[PDB]
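Okay, so here's just one chain, in structure tokens, the form deposited without the ligand.
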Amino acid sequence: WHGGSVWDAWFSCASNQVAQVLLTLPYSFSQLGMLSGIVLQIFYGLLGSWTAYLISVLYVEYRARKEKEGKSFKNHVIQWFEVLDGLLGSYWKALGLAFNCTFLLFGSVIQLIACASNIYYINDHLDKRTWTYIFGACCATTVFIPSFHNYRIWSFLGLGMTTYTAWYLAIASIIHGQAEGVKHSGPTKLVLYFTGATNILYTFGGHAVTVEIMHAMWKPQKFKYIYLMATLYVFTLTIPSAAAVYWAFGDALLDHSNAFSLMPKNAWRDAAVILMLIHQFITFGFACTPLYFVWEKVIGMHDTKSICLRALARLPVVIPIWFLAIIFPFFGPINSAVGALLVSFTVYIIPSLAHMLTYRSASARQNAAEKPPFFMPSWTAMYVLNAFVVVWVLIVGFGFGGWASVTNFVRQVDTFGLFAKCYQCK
């Protein structure tokens, strides 16, 4: 009944997403408001915790089904598409593989964009496109990276830096005060409201892709609701900073998708920028490996003796990332687009549909691995909740959210143009 092996991967992904999306929350607040912003944050955090629970339950089910026949996974890490293939069929393996690949690609693109933006805000002698030139090389010389373990130790430092950045933002905006005449408009247009809602949905989207089977022996008595504990700490990180920055700076955030552009300049802001950039650069070396792994699986040059051949096979994975990070440098709305188009299907809809399909027949409900938990004492309860999750994330998270986000993105293009030199620079 290994559960703690999945919590590590999920916590790593969540702690990465939070720090990736922290700086663009006041923008979405100014688009939404305070009431709607806070309420949607709480709503989506709870939904994300619920889906992560289902992912853990499916992992345990698959493992217990496969160990019954006599197949061992020693010295191997289970993949999510392997789980879907072992539980449902082939089409689900295909769907999982495709969506995971696209999601990792665009996560890498977004991280490169963020690095360029922050390095601009520490030194502004070179425009953001030249900083993208410079950092593309430093992130394309990463093809020589082997498989790195120990994600938990790095995650517990990433959180230790994100907490400093968040509380700096909050306390600095509180001490700065608010200027005279600052206006708070609230929700006025629909496209703005829904692109903000989708940027909020993107925050709590993180899931386990590869889980090590080494820690199946552990069984602790203090790990009851670790998912809810992680979500509560993420709330403590993300609500005060965004609320304080929005309250202090008003409507001037619709033209600044990076909150470092409005804060005053002193030593503490320099420390915050430096800590954010270092964290952002390292997590690229941790997010690269799965995509390289899958690609080398496709090309078949995996068991290679010359490391240089691995670099030659991996260059066509870094070239489109660099080209996309140069051509579309939109730091704010790209989160909304990626969210609406990929996270709604990867984190929210496919886990629920898998849990609703694998347990349809009573022969699989009587011989299940894990019974329904105490807070959901019946199967009908879980089916109703999964149906609501699917319908909601299909209508709002993809219907209105996708349309609004794509229209906002196209307006950004028609305003700034292809290959923008400096996006939102005075």
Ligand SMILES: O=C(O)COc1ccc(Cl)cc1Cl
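Just count from 1 along the sequence shown to find any residue number. Here the rigid core means the biggest group of C-alpha atoms that line up within 1.5 Å when the two forms are laid on top of each other.
Keep in mind that the form solved in complex with the ligand is missing from the display, and what follows is about it.
J.: Run the site superposition, bring the ligand over from its position in the deposited bound form, and let me know if the shown form is open or blocked under the 3-atom, 2.4 Å backbone or C-beta criterion.
T.: Placed partner shows the pocket blocked.
J.: Give a yes/no on whether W80 approaches the ligand to within 4.5 Å in the deposited bound form, heavy atoms considered.
T.: Taking the distances in the deposited bound form, the answer for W80 is no, it never comes within 4.5 Å of the ligand.
J.: Quick one: does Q111 come within 4.5 Å of the ligand in the deposited bound form, counting heavy atoms only?
T.: Yes, contact at 4.5 Å.
J.: Is there a heavy atom of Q20 no more than 4.5 Å from a heavy atom of the ligand in the deposited bound form?
T.: Taking the distances in the deposited bound form, the answer for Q20 is yes, it comes within 4.5 Å of the ligand.
J.: According to a 4.5 angstroms non-hydrogen atom cut-off, is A197 in contact with the ligand in the deposited bound form?
T.: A197 lies outside the contact set for the ligand.
J.: Quick one: of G206, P351, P329, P333, which gets a non-hydrogen atom within 4.5 angstroms of the ligand in the deposited bound form?
T.: Flagged contact: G206.
J.: If the cut-off is 4.5 angstroms on heavy atoms, which of these, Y121, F103, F135, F249, is the one near the ligand in the deposited bound form?
T.: Of the listed residues, the single hit is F103.
J.: For the interface check, one of 121 to 129, 198 to 206, 149 to 157, 90 to 98 should have non-hydrogen atoms within 4.5 Å of the ligand in the deposited bound form; which one?
T.: Of the stretches listed, the one contacting the partner is 198 to 206.
J.: Between 230 to 260 and the ligand in the deposited bound form, list the residues on our side with a heavy atom within 4.5 Å.
T.: Result: empty, none.
J.: Which listed residue, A248, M276, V209, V234, is the one whose CA shifts 2 angstroms or more between this form and the one not shown with the rigid core aligned?
T.: Result of the superposition: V209 is the only one at 2 Å or more.
J.: After fitting the rigid core, is the C-alpha of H302 off by 2 Å or more between this form and the one not shown?
T.: No, the C-alpha position differs by under 2 Å between this form and the one not shown.
J.: For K183, state whether the C-alpha moves by 2 Å or more between this form and the one not shown after rigid core superposition.
T.: The answer is no, as the C-alpha of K183 shifts between this form and the one not shown by less than 2 Å after core alignment.
J.: State yes or no: after fitting on the rigid core, is the Cα displacement of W218 between this form and the one not shown at least 2 Å?
T.: Shift of 2 Å or more: yes.
J.: Since the CA distance of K93 and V209 differs by 3 Å or more in the deposited bound form, is it closer or farther than in the form displayed?
T.: They are farther apart; the C-alpha distance rises by 3 Å or more in the deposited bound form.
J.: Given that the distance between the C-alpha atoms of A19 and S12 changes by 3 Å or more in the deposited bound form, do they end up closer or farther than here?
T.: Those two alpha carbons end up farther apart in the deposited bound form.
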